[PDB]
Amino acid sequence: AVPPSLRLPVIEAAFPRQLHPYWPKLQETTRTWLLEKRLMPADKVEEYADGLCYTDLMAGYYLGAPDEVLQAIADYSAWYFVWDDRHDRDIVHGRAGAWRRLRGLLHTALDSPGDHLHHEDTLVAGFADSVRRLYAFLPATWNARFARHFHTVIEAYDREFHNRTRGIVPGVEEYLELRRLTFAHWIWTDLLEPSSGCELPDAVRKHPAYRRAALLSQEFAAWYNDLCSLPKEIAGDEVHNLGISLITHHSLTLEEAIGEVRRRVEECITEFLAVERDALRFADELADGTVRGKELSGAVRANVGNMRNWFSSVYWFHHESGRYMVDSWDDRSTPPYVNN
């Protein structure tokens, strides 16, 4: 049962949850990886890792992925959550120098992961290990696009460091543009392709129906996170959240901003439903009778199916994960799974 202020009946009725068959082994394998890469203290991994549900989130998203692909995606995604925690803690503790150094190492490790596999900063070494494995599935042209996208993500995190140290809440339009980068919209979209086993040519993945379906899936996910993580983010002096931008710059009340965010999330769903039809029609056109065409057709169909699965996986993740349960913390500004 989902709280009424967070409930989306269309998701519950029309987007049935999916779970990848590898998820049991995925759960333990990623937890051991967090342990062995020293990405979180051992006692916090034991106490909190399974309850954070990071592997469940990815296992309900990239259906059909080969087990080894899903493992690399799950390790990268767990790393990404820890990086968000590190970013937050560097901000809270005014560690501008340590962040600047981290920011630079992640740029370098993204271009040359093998050089960073044993870096003294375990967060860098953990990133390099996951990126190394992601680079082993598709041609170097896909690797280059992943890197180009993630370079921008790192720099969007640096913009968040600038905003939060300076006490700046971005405007609504400014926030929406930045959120497509801090959420890594295009990274999750890139990773559809190794999950279906096919790098898509530019003419396919830029087709208007594919691009708009991919966008809507990510806008829903990011804004639903905003809706669900608003309580912890207000408690933690986070400034990056559509709700916070609305309260600050449009002088909405909390209740008004929650409603506005809800409506925007709801429209992503029904816009997606319409564009989903066009994207599946495109998949049908790709099946032109050739072997390449059937290949491309099946890949697009699988990818669009997983764009749909992102809606349900993100929805349920926010009600299962301990990441957001701010009411259970002794210090509402300091989550217990963060190294402070």
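Position 1 is the first residue in the sequence shown; the rest follow in order.
Enquirer: Return whichever of 70-78 and 240-248 has the greater mean Cα B factor according to the PDB record.
Expert: Averaging CA B-factors over each stretch, the winner is 240-248.
Enquirer: Per the record, averaged over C-alpha atoms, which has the higher B-factor: 158-166 or 189-197?
Expert: Result of the comparison: 158-166.
Enquirer: Taking the Cα B-factors listed in the entry, which of 291, 304, 59, 65 comes out highest?
Expert: In this record, 291 carries the highest C-alpha B-factor of the candidates.
Enquirer: Maximum C-alpha temperature factor per the entry, among 231, 113, 104, 97, belongs to which one?
Expert: In the PDB entry, the greatest C-alpha B-factor among 231, 113, 104, 97 is found at 97.
Enquirer: Going by the entry, which third of its chain does the Cα temperature factor of residue 148 land in?
Expert: Middle third of the chain for residue 148's C-alpha B-factor.
Enquirer: Can you work out whether the C-alpha temperature factor of residue 134 puts it in the lowest, middle or highest third of the chain?
Expert: It belongs to the middle third of the chain when residues are ordered by C-alpha B-factor.
Enquirer: If you rank the chain by CA B-factor, which third does residue 280 end up in: lowest, middle or highest?
Expert: Highest third - that is where residue 280 ends up once the chain's C-alpha B-factors are sorted.
Enquirer: Residue 84's Cα B-factor: lowest, middle or highest third of the chain?
Expert: It falls in the bottom third of the chain.
Enquirer: Relative to the other modelled residues of the same chain, rank the CA B-factor of residue 308 and answer lowest, middle or highest third.
Expert: Lowest third.
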